[PDB]
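*Asks:* I have a structure I would like to understand better, so I am pasting it below and will then ask my questions one at a time.
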Amino acid sequence: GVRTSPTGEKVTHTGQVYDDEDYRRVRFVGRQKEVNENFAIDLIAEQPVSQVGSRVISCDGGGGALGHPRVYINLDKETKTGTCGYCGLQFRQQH
Amino acid sequence: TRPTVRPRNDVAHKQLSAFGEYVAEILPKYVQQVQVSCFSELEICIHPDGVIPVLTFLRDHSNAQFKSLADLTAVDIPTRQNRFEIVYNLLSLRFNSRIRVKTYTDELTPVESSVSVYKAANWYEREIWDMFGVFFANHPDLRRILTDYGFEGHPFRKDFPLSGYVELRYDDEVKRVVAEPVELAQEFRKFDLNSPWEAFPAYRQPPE
Amino acid sequence: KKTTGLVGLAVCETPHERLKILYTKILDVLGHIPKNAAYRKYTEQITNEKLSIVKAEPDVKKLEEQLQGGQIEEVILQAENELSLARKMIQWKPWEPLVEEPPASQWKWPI
Amino acid sequence: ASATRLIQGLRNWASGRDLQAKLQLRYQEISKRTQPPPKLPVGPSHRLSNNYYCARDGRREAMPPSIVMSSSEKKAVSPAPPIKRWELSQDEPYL
Amino acid sequence: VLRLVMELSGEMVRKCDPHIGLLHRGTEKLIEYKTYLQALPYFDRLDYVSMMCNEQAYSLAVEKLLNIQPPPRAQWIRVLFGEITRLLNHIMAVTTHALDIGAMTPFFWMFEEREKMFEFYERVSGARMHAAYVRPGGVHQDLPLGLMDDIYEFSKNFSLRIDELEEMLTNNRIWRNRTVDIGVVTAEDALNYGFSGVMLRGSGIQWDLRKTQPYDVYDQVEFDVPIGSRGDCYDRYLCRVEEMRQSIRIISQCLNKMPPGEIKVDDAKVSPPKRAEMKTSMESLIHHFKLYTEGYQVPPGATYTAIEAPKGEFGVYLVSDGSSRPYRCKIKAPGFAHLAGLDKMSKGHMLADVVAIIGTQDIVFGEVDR
Amino acid sequence: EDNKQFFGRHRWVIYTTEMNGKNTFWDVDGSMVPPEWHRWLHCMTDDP
Amino acid sequence: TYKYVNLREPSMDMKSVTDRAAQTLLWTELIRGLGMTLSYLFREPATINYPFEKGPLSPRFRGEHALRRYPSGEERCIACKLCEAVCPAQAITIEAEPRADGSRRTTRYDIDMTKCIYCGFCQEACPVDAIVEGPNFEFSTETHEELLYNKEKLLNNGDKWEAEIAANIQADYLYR
Amino acid sequence: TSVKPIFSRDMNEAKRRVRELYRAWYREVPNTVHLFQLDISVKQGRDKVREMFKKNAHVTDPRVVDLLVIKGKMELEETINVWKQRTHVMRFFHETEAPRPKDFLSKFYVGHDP
Amino acid sequence: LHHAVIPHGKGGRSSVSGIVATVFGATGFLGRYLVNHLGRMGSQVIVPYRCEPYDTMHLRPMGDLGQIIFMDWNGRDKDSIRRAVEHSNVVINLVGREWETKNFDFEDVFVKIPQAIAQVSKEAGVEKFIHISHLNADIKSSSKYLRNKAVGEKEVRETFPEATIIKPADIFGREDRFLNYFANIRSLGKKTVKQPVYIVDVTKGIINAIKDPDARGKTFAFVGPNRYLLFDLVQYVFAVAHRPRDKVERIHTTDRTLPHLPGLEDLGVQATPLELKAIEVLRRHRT
Amino acid sequence: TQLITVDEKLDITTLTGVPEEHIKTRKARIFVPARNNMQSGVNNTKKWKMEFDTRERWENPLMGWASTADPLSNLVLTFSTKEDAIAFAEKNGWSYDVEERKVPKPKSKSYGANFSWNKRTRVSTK
Ligand SMILES: NC(=O)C1=CN([C@@H]2O[C@H](COP(=O)(O)OP(=O)(O)OC[C@H]3O[C@@H](n4cnc5c(N)ncnc54)[C@H](OP(=O)(O)O)[C@@H]3O)[C@@H](O)[C@H]2O)C=CC1
Ligand code: SF4
Ligand code: SF4
Ligand SMILES: [Zn+2]
């Protein structure tokens, strides 16, 4: 999902693409600007928002001692899903 | 306190206490401190005139043999007028013990060149002259060893910063290698790690 | 003896009287030294102890395991250097009272 | 190894050390990899109900050094007992 | 790599100035601008042939200052790798002495055996040579299951191989002719020039830091250090080979006397905890975090210690502010002490004998810089 | 993979020609293995 | 305890002295050395055929400096600066920013390959196992520009494989 | 106040040793510029020598003068041997710019050097 | 203009200095010293070559880490040249073999090469284009060399008119041609008066003029300080060196001043004479 | 041994070898470093740091780093008294700016005063 800026080349998942008045574009001559084309924010919509019947619930990360540490997040925001700062995946409550 | 914390012997402490009291009272011309740490390694703190007499005493006398010589460095301490500390470190073949003869000295007045009784001290004193500039009158040869020749600054001080002032590069202009003022490629970052909150209550000093 | 364990040091044949004239010269040069200091006391006490070790025994190997300084000829060499400090400490007056003090905020460590 | 007996005998005749026995090419006693996963021990702590950290505070046991001096006494002792000479160990010394 | 300016009456000598300092790198200054745990690998790599006794001496300097004893399995594992390092430095010093004296092949024999030993370091930590791996507070991240039997294998095959080294050399007629008459050392010289370890073993005086002041569990194994008699370079060669064979002894008794305690200290305010408590604690997470950011505070004072590097007296002298940065480290190097007496060791010989003299006191030239 | 050789000659790759397309019949590089074979070939396991 | 050497004498008995003379005038133990060396000739030498056969290793080698990511998830690095706080030649360079979502992330994650001594400290210091020392050690880089990793190079290198890294960690996440 | 100096009593002995050290450098120069196969006129090298002397004439404290005399003696030894190479001897010179003068406006163009 | 062309701080070793220079040539002599002084200034240099990368390898580490950059150019296509000058502050043109090749004359390198590069340059929008020329290259006789250079001079003067057309006299230095031919002798002796100019003042002048704006449009000519006879100079060469057809014609041909155009004194650089540097460079004699 | 000693000043800057550009142009500053306000603990006090003033730090044009032509940029010298600080700075030659030490001012607070009656210091919350 890359943009082609009017400079004419690939962009990244950081707003760092160049101006026309640059020498760094011409130091890219002959060797390709390699970049991961599996971006970050688009792997949020691929994750479904799970709905747990509890209230103050858990996040571990898919593996005991493999990942990010335990964090317990709350679901008081009635319309806003809880978001682990480490994981990036969401949760809901079912009464 | 007993598992995983190293226990000690007070017996060695009492022995070193008595021995340091003895040495201090039988060479009273130069002794100002005999301090004993917790784990029994002796320190004797000495005026910079009894270098030759005290070391001639400590090489011999059959109560403290101590032939073996080691490190000499003069740990650079500002907030003093006598900045540098010449540290002799001595080992006894006969008694298995370590005594640190710390003598103090200033920037420009020499200590008296311990190489007369210590043939190991030759390159040690040459190293101290090269890294610091502590002079040694009555010495055979003082040169710059462990530095470049055309380099100067006496770099192991605190006034000499981490990078050198000069930096070499080859250039084809004059077909040889030259020195330039330092053009770092990165900053050498500096982390203010000196956290507050008094991690040792015993070593507090009285404030003003 | 026969070819001692040290290297630059060949065995001596008459250890006893050589050692005795060594320690009597120690007593002589100690007699040069002034009186009131206890440096004379400690050197005189240890030297008379060691001379009493050696006068009481004409042995060899018991004389080694009693008189410390194994094996033997180190005691002779150490007596020479003890004479060397004796000669160097007629001068230089180690027992006389001190030359002046440091600025007294120097020897405390934690800065 | 892996060679006929005539040249084996020539190796052992050039050096009578039974070279075919242990040859410094390992075959059997390579450690058979993918071992079972180990469970570590936890030592003399995590012991509940008694571990006051107040006791085993080895950082805070650092005394400042005692200070004997400034700026008919039964003395002239050595710093240590004088060191006893060792023994030739029986296990085939020379001679 | 050295510079040697010698002044010779013909095919003989008179004097030699060792210009050293080609390999000065500023190690003490860089440690004065870093923390303890960060600046451990400088201690790992000032010497480089011996490589884990340097770790061992720095870790004992910090543990002795910090008044914390490691658990016993840490001490015995540290003894095992001290023996591997002793074995390794003496076998390379013998082979580089042989290669520089001539003698192409035993170099490569013993370097294949050393290639097994670098495989063992790889399996322990992962690095080939400069494995840090010895934290202050005891060893970090203990051995994978299936290593001790490999060390047992190496002990058997390597006893066979070192007996084959003495099969090749040692009653070599012309190697004995090449190095017997050179390198005399008086006992007064061995004291005044400040020699360390193998020179003292070789010339006279029975002396060992390991035996006299057992700084670890070395006091509880049967081994016996070889001494020299004539104070001589061939005699010094035999002294090195028999210290290797004593190291075989110490490895055998170490494997048979192993206690299964624990890796690190449980005083978690010095060594960082492990992953399980790290991923669910609070105190262990905080200790992990700040212990790697700041470095633990170290009480003020100046200590010194020294262990027996296979060169000699590897000494290290710390001066600590109440701080997490050491105020001044300094290192007593047996390479420096052994290069220190070169004129009086080589007043009466010729230049190939001088190259043999540089061989017969084991040099790395990294450590001679301090 | 053969068993009767010693440890260091068990597992050997035979490269083929033009896997990326650069005439690699000759001039065989390293790292022309996929990563699971980069675990097996470097003696980190005992199973393919 | 001590066990020293060289304490003997040449035996004055006629058999032993004529044996030393026979070795002197007959060049004997030199030929004994030749026999030992020919015994090593007739062994099979231990070489590995390098570009095909690769020399063995551990599961815990320290190589490539690769990154990881979550299961079908985003970048594992929080940009918590611990690796640059521990990096003993400071080759890490982290500049962090949040994005439009809210989770804290990076901007610039640079490893110098020149200064990187390959400790392992940044692996041990990482709380989430973001940076991992990789398995393969083949860099061989013809230009010095090309030895300065960007975060995108690290992510591509973490997406040229995880399976090796995952197998190594999943074997040895129990020691460390 | 007790200060134990190196050699000096007044600056007469300072003047004496420093004029002898300059004489040593004068007979030091042509031998070295011939030995290292250098490429500089003898006039220029000697004038840079005396310019380096005339830089530090502003110090009267005699211990400082003693330490200067000992430094200059050290490097006269180390260039009267062949211990220093061509690089260090040229490094005393500045034939590679180093262009920067002390004009105000020049340092105002190439900015932020007050 | 955008940032990172503005100068930053002091000078030397990847201090971000001003100019970004595309150089055609620089694998030869004068361009190599010119890249050297721009590396001392700390300027990013884009140079394309055409030969084996071993030659640009032994002149590679003149810059700091990754400053100078290498690519390819050819004497035929505008696309490779245009790609090489897609982004440039300045561009300098220094080219020429001093004998005809199989595929190139003195014509069409001096003619055809400045045509296409000035075409894509003036369509590209470069500034401060510096074109070298041999001194006293006329419409007059004796050299296809000199007359093709005069045609190229008229080309670069006419199209893209504010180019600094620069000309030194015939230079000497560490890798001189004519002093090397003075060493590679045997002999023949004629008369011609001649001024030699040393190479480092020339390249110092070129870098100073290219970094100092407002001095544009004018052709310059560089002056030797001595200006005496050729045969006296050959006797000087043999004296200092201890031992007793196109190149020889093109040193016998023309050496004069041109009073129209301004020289060294509009730049503020000290003239290094023949004698000092000639004694410095005449090594490689007997012992 | 009871030699020349003359009571004067010191001139070490002609010996420590740092060039005169850095001598006369760069400027020192002596201050107790302030309590970093978010924590409230003053073990970071009690010391007198000597620092040098900052200078130019451009962009490293290949990586986005901050190079500098300042070898003295990362000096710090933590001292214990203002007198020895000034003595060292004047001994080593360069100029220096002295900022004085500031303790927290002692106060007069009490919990009973937070429970006032007709005084306005009233807790109002708890
Ligand atoms: N005394 C003197 O020599 C003076 C010389 N000049 C001028 O200065 C310039 C540089 O001189 P100099 O260095 O001595 O000579 P060079 O031949 O070394 O310089 C020309 C450069 O351009 C390259 N080049 C030339 N023709 C071609 C081509 N057809 N295709 C590709 N590359 C080409 C050369 O070889 P390569 O392709 O291998 O890179 C070389 O790198 C010349 O134009 C000369 O006329 C001016 C005044 C005095
Ligand atoms: S320690 Fe790990 S998560 Fe933290 S900044 Fe470094 S790589 Fe990222
Ligand atoms: S391995 Fe060490 S040097 Fe390399 S990035 Fe990690 S911490 Fe830094
Ligand atoms: Zn989570």
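How things are named: the first chain in the structure tokens is A, the next is B, and so on; residues count from 1 in each chain; ligands count from 1 in the order shown.
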All residues within 9 Å of ligand 1 are required, counting only C-alpha atoms and all ligand atoms; please report them as a ChimeraX atom specification.

*Replies:* /I:24-32,49-52,55-56,73-75,93-98,101,103-105,108-110,113,132-135,145-146,149,166-172,175-178,196-197,199

*Asks:* Write the selection just made, keeping N, CA and C atoms, as a short mmCIF file (atom, residue, chain, number, x, y, z; two decimals), in the first residue's frame?

*Replies:*
data_model
loop_
_atom_site.label_atom_id
_atom_site.label_comp_id
_atom_site.auth_asym_id
_atom_site.auth_seq_id
_atom_site.Cartn_x
_atom_site.Cartn_y
_atom_site.Cartn_z
N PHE I 24 33.01 15.07 -14.51
CA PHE I 24 33.30 14.15 -15.60
C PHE I 24 34.80 14.04 -15.74
N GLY I 25 35.32 12.84 -15.56
CA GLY I 25 36.74 12.65 -15.50
C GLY I 25 37.19 12.19 -14.13
N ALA I 26 38.15 12.91 -13.54
CA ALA I 26 38.69 12.74 -12.19
C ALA I 26 39.43 11.43 -11.94
N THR I 27 39.38 10.50 -12.89
CA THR I 27 40.21 9.31 -12.80
C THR I 27 41.61 9.62 -13.30
N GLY I 28 41.75 10.67 -14.10
CA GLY I 28 43.05 11.21 -14.44
C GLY I 28 43.64 12.02 -13.31
N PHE I 29 44.40 13.04 -13.66
CA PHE I 29 45.31 13.65 -12.71
C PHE I 29 44.70 14.84 -11.98
N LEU I 30 44.31 15.86 -12.74
CA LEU I 30 43.90 17.12 -12.14
C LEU I 30 42.56 16.97 -11.43
N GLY I 31 41.66 16.17 -12.00
CA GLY I 31 40.42 15.88 -11.32
C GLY I 31 40.60 15.10 -10.04
N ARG I 32 41.63 14.25 -9.99
CA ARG I 32 41.90 13.51 -8.76
C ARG I 32 42.32 14.44 -7.65
N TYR I 49 32.60 6.99 -13.91
CA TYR I 49 33.80 6.50 -14.57
C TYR I 49 33.38 5.75 -15.83
N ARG I 50 34.35 5.10 -16.45
CA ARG I 50 34.03 4.09 -17.44
C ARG I 50 34.92 2.86 -17.37
N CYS I 51 36.02 2.91 -16.64
CA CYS I 51 37.02 1.85 -16.67
C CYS I 51 36.70 0.80 -15.62
N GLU I 52 37.67 -0.06 -15.32
CA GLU I 52 37.56 -0.98 -14.20
C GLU I 52 37.41 -0.21 -12.90
N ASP I 55 40.54 1.39 -10.47
CA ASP I 55 41.17 2.70 -10.48
C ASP I 55 40.41 3.67 -9.58
N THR I 56 39.08 3.67 -9.69
CA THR I 56 38.27 4.44 -8.76
C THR I 56 38.33 3.85 -7.36
N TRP I 73 29.30 6.44 -16.86
CA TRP I 73 28.93 7.27 -17.99
C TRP I 73 29.64 6.74 -19.22
N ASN I 74 29.13 7.14 -20.37
CA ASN I 74 29.64 6.69 -21.65
C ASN I 74 29.61 7.86 -22.61
N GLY I 75 30.42 7.78 -23.65
CA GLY I 75 30.52 8.92 -24.55
C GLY I 75 29.46 8.94 -25.62
N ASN I 93 33.95 19.78 -16.21
CA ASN I 93 34.24 19.03 -17.42
C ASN I 93 35.74 19.07 -17.64
N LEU I 94 36.37 17.91 -17.43
CA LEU I 94 37.81 17.69 -17.58
C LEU I 94 37.98 16.34 -18.26
N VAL I 95 38.37 16.32 -19.53
CA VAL I 95 38.46 15.06 -20.25
C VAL I 95 39.52 15.21 -21.32
N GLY I 96 40.06 14.09 -21.79
CA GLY I 96 40.90 14.11 -22.96
C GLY I 96 42.12 13.23 -22.93
N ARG I 97 42.23 12.37 -23.93
CA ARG I 97 43.45 11.62 -24.17
C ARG I 97 44.32 12.45 -25.09
N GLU I 98 45.63 12.44 -24.84
CA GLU I 98 46.55 13.19 -25.68
C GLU I 98 47.14 12.36 -26.80
N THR I 101 42.67 7.64 -30.32
CA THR I 101 42.46 6.24 -30.05
C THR I 101 41.96 5.57 -31.32
N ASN I 103 38.73 4.60 -31.46
CA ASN I 103 37.35 5.03 -31.57
C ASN I 103 37.16 6.52 -31.33
N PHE I 104 38.19 7.24 -30.91
CA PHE I 104 38.06 8.66 -30.67
C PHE I 104 39.23 9.42 -31.27
N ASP I 105 38.92 10.56 -31.85
CA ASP I 105 39.93 11.48 -32.33
C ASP I 105 40.22 12.50 -31.24
N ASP I 108 35.67 15.26 -31.45
CA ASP I 108 34.44 14.65 -31.01
C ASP I 108 34.50 14.19 -29.56
N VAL I 109 35.67 14.12 -28.94
CA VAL I 109 35.68 14.20 -27.50
C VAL I 109 35.58 15.65 -27.07
N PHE I 110 36.49 16.49 -27.57
CA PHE I 110 36.49 17.93 -27.32
C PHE I 110 35.33 18.61 -28.00
N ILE I 113 31.62 15.67 -26.78
CA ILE I 113 31.33 15.49 -25.36
C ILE I 113 30.76 16.75 -24.70
N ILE I 132 37.31 23.04 -18.36
CA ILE I 132 38.72 23.37 -18.53
C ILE I 132 39.02 23.53 -20.01
N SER I 133 40.18 24.09 -20.31
CA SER I 133 40.72 24.09 -21.65
C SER I 133 42.22 24.21 -21.54
N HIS I 134 42.92 23.66 -22.53
CA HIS I 134 44.35 23.93 -22.63
C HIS I 134 44.52 25.41 -22.95
N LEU I 135 45.61 25.98 -22.45
CA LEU I 135 45.91 27.35 -22.83
C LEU I 135 46.31 27.39 -24.30
N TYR I 145 44.54 18.48 -31.73
CA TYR I 145 44.38 18.76 -30.31
C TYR I 145 43.92 20.18 -30.03
N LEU I 146 44.75 21.16 -30.38
CA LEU I 146 44.46 22.54 -30.03
C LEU I 146 43.28 23.09 -30.81
N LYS I 149 40.12 21.71 -29.38
CA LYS I 149 39.86 22.40 -28.13
C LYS I 149 39.28 23.78 -28.37
N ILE I 166 37.98 27.87 -18.09
CA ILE I 166 39.17 28.08 -17.31
C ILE I 166 40.32 27.49 -18.10
N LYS I 167 41.50 28.07 -17.93
CA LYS I 167 42.61 27.46 -18.59
C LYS I 167 43.81 27.69 -17.69
N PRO I 168 44.51 26.66 -17.37
CA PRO I 168 45.82 26.85 -16.78
C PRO I 168 46.84 26.84 -17.89
N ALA I 169 48.10 27.08 -17.56
CA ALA I 169 49.17 26.72 -18.48
C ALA I 169 49.45 25.23 -18.31
N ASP I 170 50.50 24.74 -18.94
CA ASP I 170 50.80 23.32 -18.84
C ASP I 170 51.44 23.03 -17.48
N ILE I 171 50.80 22.16 -16.72
CA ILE I 171 51.09 21.99 -15.30
C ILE I 171 52.16 20.93 -15.09
N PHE I 172 52.86 21.07 -13.97
CA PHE I 172 53.83 20.07 -13.54
C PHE I 172 53.50 19.69 -12.11
N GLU I 175 52.78 13.73 -11.01
CA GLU I 175 52.52 12.93 -12.20
C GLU I 175 52.38 13.84 -13.41
N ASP I 176 53.39 14.70 -13.59
CA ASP I 176 53.51 15.52 -14.79
C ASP I 176 53.68 14.64 -16.01
N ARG I 177 53.28 15.18 -17.16
CA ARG I 177 53.60 14.58 -18.44
C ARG I 177 54.94 15.08 -18.96
N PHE I 178 55.16 16.40 -18.97
CA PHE I 178 56.32 16.88 -19.71
C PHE I 178 57.61 16.71 -18.91
N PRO I 196 56.01 27.48 -16.35
CA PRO I 196 55.34 26.33 -15.73
C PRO I 196 54.59 26.72 -14.47
N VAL I 197 53.41 26.15 -14.32
CA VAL I 197 52.56 26.40 -13.16
C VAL I 197 52.35 25.09 -12.42
N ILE I 199 50.70 22.26 -9.86
CA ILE I 199 49.35 21.72 -9.95
C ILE I 199 48.50 22.13 -8.75
#

*Asks:* Residues of chain B no more than 10 Å from chain G, counting only C-alpha atoms: send them over as a CSV table (one decimal) with C-alpha atoms, in the first residue's frame.

*Replies:*
chain,number,residue,atom,x,y,z
B,186,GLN,CA,28.9,10.8,16.1
B,188,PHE,CA,29.6,10.0,22.0
B,189,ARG,CA,26.4,10.4,24.0
B,191,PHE,CA,23.9,9.4,30.0

*Asks:* I need the contact residues of chain A against chain I, so if you could list those with any atom within 9 Å, counting only C-alpha atoms, and return them as a PyMOL selection string, that would help.

*Replies:* chain A and resi 19+21-27+29-30

*Asks:* For ligand 3, list the contacting residues at 8 Å or closer, counting only C-alpha atoms and all ligand atoms, as number ranges by chain.

*Replies:* G: 62, 65, 83-84, 86-92, 111-113, 115-123, 133

*Asks:* Please identify all protein, DNA and RNA residues within 6 Å of ligand 2, counting only C-alpha atoms and all ligand atoms, and report them as an NGL selection string.

*Replies:* :G and (77-83 or 125-131)

*Asks:* Can you pull out every residue with an atom within 9 Å of ligand 4? Use only C-alpha atoms and all ligand atoms and format it as an NGL selection string.

*Replies:* :A and (58-61 or 67-73 or 83-89)

*Asks:* How would the residues just picked look written out with C-alpha atoms as a tab-separated table (two decimals), in the first residue's frame?

*Replies:*
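Once everything was written out, this is result.tsv:
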chain	number	residue	atom	x	y	z
A	58	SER	CA	-5.87	-10.30	30.53
A	59	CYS	CA	-3.34	-9.93	27.76
A	60	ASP	CA	-0.23	-12.05	27.38
A	61	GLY	CA	0.66	-12.30	23.70
A	67	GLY	CA	6.32	-12.06	23.97
A	68	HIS	CA	5.37	-9.03	26.04
A	69	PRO	CA	4.65	-9.18	29.79
A	70	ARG	CA	1.23	-9.60	31.37
A	71	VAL	CA	-1.03	-6.62	31.41
A	72	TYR	CA	-4.56	-6.47	32.77
A	73	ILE	CA	-6.81	-4.01	30.99
A	83	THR	CA	-6.18	-1.64	23.88
A	84	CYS	CA	-3.00	-3.24	25.11
A	85	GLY	CA	-0.09	-0.88	24.66
A	86	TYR	CA	2.14	-3.84	23.90
A	87	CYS	CA	-0.10	-6.12	21.81
A	88	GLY	CA	-2.18	-3.76	19.72
A	89	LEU	CA	-5.22	-6.03	19.77

*Asks:* Using DSSP secondary structure from the backbone, list all strand (DSSP E) positions within stretch 39-287 of chain I, as an mmCIF file with C-alpha atoms, in the first residue's frame.

*Replies:*
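This went into selection_23.cif:
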data_model
loop_
_atom_site.group_PDB
_atom_site.id
_atom_site.type_symbol
_atom_site.label_atom_id
_atom_site.label_comp_id
_atom_site.auth_asym_id
_atom_site.auth_seq_id
_atom_site.Cartn_x
_atom_site.Cartn_y
_atom_site.Cartn_z
ATOM 1 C CA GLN I 44 29.817 15.481 -1.843
ATOM 2 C CA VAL I 45 31.214 14.435 -5.202
ATOM 3 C CA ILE I 46 29.292 12.409 -7.765
ATOM 4 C CA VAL I 47 31.756 10.952 -10.261
ATOM 5 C CA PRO I 48 31.002 8.514 -13.035
ATOM 6 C CA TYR I 49 33.796 6.498 -14.570
ATOM 7 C CA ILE I 69 29.538 8.255 -5.006
ATOM 8 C CA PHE I 70 30.436 6.327 -8.131
ATOM 9 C CA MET I 71 28.441 5.560 -11.239
ATOM 10 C CA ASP I 72 28.845 5.032 -14.962
ATOM 11 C CA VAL I 90 27.862 22.258 -9.947
ATOM 12 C CA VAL I 91 29.463 20.277 -12.748
ATOM 13 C CA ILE I 92 33.001 20.287 -14.076
ATOM 14 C CA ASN I 93 34.240 19.032 -17.421
ATOM 15 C CA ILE I 130 33.480 24.860 -15.100
ATOM 16 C CA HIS I 131 34.973 23.699 -18.370
ATOM 17 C CA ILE I 132 38.723 23.373 -18.532
ATOM 18 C CA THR I 164 33.625 29.535 -16.319
ATOM 19 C CA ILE I 165 35.933 28.564 -19.120
ATOM 20 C CA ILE I 166 39.174 28.084 -17.305
ATOM 21 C CA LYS I 167 42.609 27.465 -18.585
ATOM 22 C CA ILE I 171 51.093 21.989 -15.302
ATOM 23 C CA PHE I 172 53.827 20.071 -13.540
ATOM 24 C CA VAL I 193 60.098 30.502 -23.713
ATOM 25 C CA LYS I 194 57.671 28.932 -21.263
ATOM 26 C CA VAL I 197 52.561 26.402 -13.164
ATOM 27 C CA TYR I 198 52.404 23.914 -10.311
ATOM 28 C CA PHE I 220 40.481 32.711 -16.533
ATOM 29 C CA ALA I 221 44.088 31.812 -17.290
ATOM 30 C CA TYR I 228 61.857 31.458 -19.252
ATOM 31 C CA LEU I 229 63.396 29.269 -21.960
#

*Asks:* Based on only C-alpha atoms, which of the residues in chain E come within 6 Å of chain B? I want them as a VMD selection string.

*Replies:* chain E and resid 21 24 67 to 70 191 to 194 294

*Asks:* Neighbouring residues of stretch 32-44 of chain J were defined as those with any atom within 9 Å, considering only C-alpha atoms; residues of the same chain fewer than 3 positions away were excluded. Please report them as a list in words.

*Replies:* residues 194, 195, 196, 197 and 198 of chain B; 47, 48, 49, 50, 78, 99, 100, 101 and 102 of chain J

*Asks:* For chain D, list the residues within 6 Å of chain G, counting only C-alpha atoms, and write the list as a PyMOL selection string.

*Replies:* chain D and resi 11+14-15+86-89+93-94

*Asks:* Keeping C-alpha atoms for every residue in the selection just given, could you write it to a file as a PDB file, in the first residue's frame?

*Replies:*
ATOM      1  CA  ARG D  11      50.050 -46.589  11.777  1.00  0.00           C
ATOM      2  CA  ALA D  14      54.894 -45.955  13.442  1.00  0.00           C
ATOM      3  CA  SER D  15      53.328 -45.062  16.809  1.00  0.00           C
ATOM      4  CA  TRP D  86      54.924 -27.598  51.048  1.00  0.00           C
ATOM      5  CA  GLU D  87      55.645 -31.235  50.239  1.00  0.00           C
ATOM      6  CA  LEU D  88      56.556 -33.146  47.118  1.00  0.00           C
ATOM      7  CA  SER D  89      53.274 -34.710  46.143  1.00  0.00           C
ATOM      8  CA  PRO D  93      57.207 -36.486  41.605  1.00  0.00           C
ATOM      9  CA  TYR D  94      60.758 -36.014  40.413  1.00  0.00           C
TER      10      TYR D  94
END

*Asks:* Based on only C-alpha atoms, which of the residues in chain G come within 10 Å of chain I? I want them as an MDAnalysis selection string.

*Replies:* chainID G and resid 143:146

*Asks:* Residues within 8 Å of stretch 272-279 of chain I, please, as an MDAnalysis selection string. Count only C-alpha atoms; anything in the same chain fewer than 6 positions from it doesn't count.

*Replies:* (chainID H and resid 39) or (chainID I and resid 173 196:198 201 224:226 240)

*Asks:* Quick one: distance from atom CA of residue E:336 to atom CA of residue E:60 in Å, one decimal?

*Replies:*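 Interatomic distance here is 21.7 Å.
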
*Asks:* How would you write, as JSON, numbers by chain, the set of residues in stretch 36-174 of chain I that DSSP gives as helix (DSSP H, G or I)?

*Replies:* {"I": [36, 37, 38, 39, 40, 41, 53, 54, 55, 56, 57, 58, 60, 61, 62, 78, 79, 80, 81, 82, 83, 84, 112, 113, 114, 115, 116, 117, 118, 119, 120, 121, 122, 144, 145, 146, 147, 148, 149, 150, 151, 152, 153, 154, 155, 156, 157, 158]}

*Asks:* So, with only C-alpha atoms as the atoms that count, which of E:291, E:185, E:225, E:351 lies closest to chain D?

*Replies:*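 Going through E:291, E:185, E:225, E:351 one by one, the smallest distance to chain D is for E:225.
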
*Asks:* With a cut-off of 12 Å and counting only C-alpha atoms, select all residues of chain C in contact with chain H and give the selection as an NGL selection string.

*Replies:* :C and (99-103)

*Asks:* Using only C-alpha atoms, which residues sit within 10 Å of stretch 86-93 of chain J once same-chain residues fewer than 3 positions away are excluded, as a count of residues only?

*Replies:* 25
